[PDB]
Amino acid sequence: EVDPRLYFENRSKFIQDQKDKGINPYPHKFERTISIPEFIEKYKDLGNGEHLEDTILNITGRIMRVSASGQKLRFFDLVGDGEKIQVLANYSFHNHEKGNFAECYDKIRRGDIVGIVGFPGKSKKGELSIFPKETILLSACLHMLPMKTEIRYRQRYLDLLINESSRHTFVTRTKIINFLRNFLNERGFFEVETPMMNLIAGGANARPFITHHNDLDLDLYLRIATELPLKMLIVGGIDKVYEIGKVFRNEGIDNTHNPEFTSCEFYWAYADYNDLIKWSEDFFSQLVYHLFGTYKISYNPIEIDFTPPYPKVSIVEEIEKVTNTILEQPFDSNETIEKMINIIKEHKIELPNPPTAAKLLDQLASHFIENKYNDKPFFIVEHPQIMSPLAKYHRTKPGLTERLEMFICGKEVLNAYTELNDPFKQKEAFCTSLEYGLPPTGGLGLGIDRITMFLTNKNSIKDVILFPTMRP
């Protein structure tokens, strides 16, 4: 046992003493000639007890175990890029003209970043190793590191160094985003950037963040979505367009909500809801196979089968069906509002404030549909116009829209529709752009963080964001 403060204070005095004796504990440059992954790839085939003594290399990394088998034989584990080798430092092999062996190695502690000049071999036990001639401290770790709560979210660097799975999680994340980018680019889509701060915040229903620009003396809204300006680009003649990036919604933090999250929205001119469904099934099934070489995955446990096609459940037909009720249109008539309210009560669930037709329908949809399936993803489709102000009216079903929303394990990860392009039907900047002619178009949104949760077996969004937002 050691007191952390003593540890820290002592390592601090050590640093100052090195400085004072003229040794620079933070040297500027150490020219490494090979990485640890490279080193392993290149020498893993060596024979037990075989040294290549005439092959000198410079290698770096973080010391993670310190050991000894006497004062003239020190062992360390050295990690870089998520791989590990042994450092076997033997007194006889040490270049004594550069410091007392014992001084130079007593000072090396767990967490230290080091540079090593030495030669590759395997120990007789077969352990792939570097045998120093010289070991340089490049950057000390001044605190004792954990061997094994909230710290993983506040000190993500600690998490990344100690837990192999943490690194796997964020690697998978970037892979997911890479796949998506190439998937859209293969299909002729054009990546763009739209503003994060606008005079209005539209394209979804969510409270916004507000901020103030000093030069223009103006209160701007951080964006809750990217829909409106992307559509303006369709009008502008960019027929396949998308954006991957953050959006901001000013509401509660939970296991599936972070106030900044990463979305992808695309707009596809001359497509419609049917094209969007096909796209969703292709994307998800191909994404999953690309990561796992199979369509069925384990999640915390339950199997999720991503083999297309997926079930499509019509929001009205299904609510009515599981509640032996008819919901007469208009959906915001008093008779249908009262009725919807009755169901809420009849089933003792939380009444939304205020109880508008759109929010009641939404609430009924979360209770009676959204957890219909767990074995596969599925779509809820054909949402009422009152919920869907920017979706186009259904081509055979008055009151409804050509909309879909994909769910995985009761959580929405996708929202898409045929875009309303008739400016007259919309009144009930962007609006001006519609008057110039928005071609028939299909639009689609993904929630990236939520997708990554499922494909890395996490059940908090916090586990797939490097630095999630938290109370200090």
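Sequential numbering from 1, following the sequence displayed. Heads up, when I say rigid core I mean the largest set of C-alphas that superpose within 1.5 Å between the two forms.
- In summary, of the stretches 278-286 and 323-331, 323-331 shows the greater Cα distance from the shown form in 8 other deposited structures of this protein, with structures fitted on the rigid core.
- After superposing on the rigid core, the larger RMS C-alpha deviation in 8 other deposited structures of this protein belongs to 89-97, the other candidate being whichever of 378-386 and 89-97 remains.
- According to the record, the deposited sequence contains 10 or more residues between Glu428 and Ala429 that were left without coordinates.
- According to the entry, the stretch of the deposited sequence that connects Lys148 to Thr149 contains 4 to 9 residues lacking coordinates, which leaves a gap of moderate length in the model.
- Stretches 55-63 and 417-425 differ in mean C-alpha B factor, with the higher average recorded for 417-425.
- Judged by mean Cα B factor in the deposited record, 371-379 ranks above the other of 273-281 and 371-379.
- Across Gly188, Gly80, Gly115, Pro354, the greatest Cα temperature factor reported in the deposited entry is at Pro354.
- Per the deposited coordinates, the residue with the largest Cα temperature factor out of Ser129, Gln363, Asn198, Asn163 is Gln363.
- Ranked by C-alpha B-factor against the other modelled residues of its chain, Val2 falls in the highest third.
- Remark: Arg181 belongs to the lowest third of its chain, ranked by C-alpha B-factor as recorded.
- Ranked within its chain, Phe39 lands in the lowest third, by CA B factor from the PDB record.
- Annotation for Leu438: C-alpha temperature factor in the lowest third relative to the rest of the modelled chain, per the entry.
- Among all modelled residues in its chain, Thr396 ranks in the highest third by Cα B-factor.
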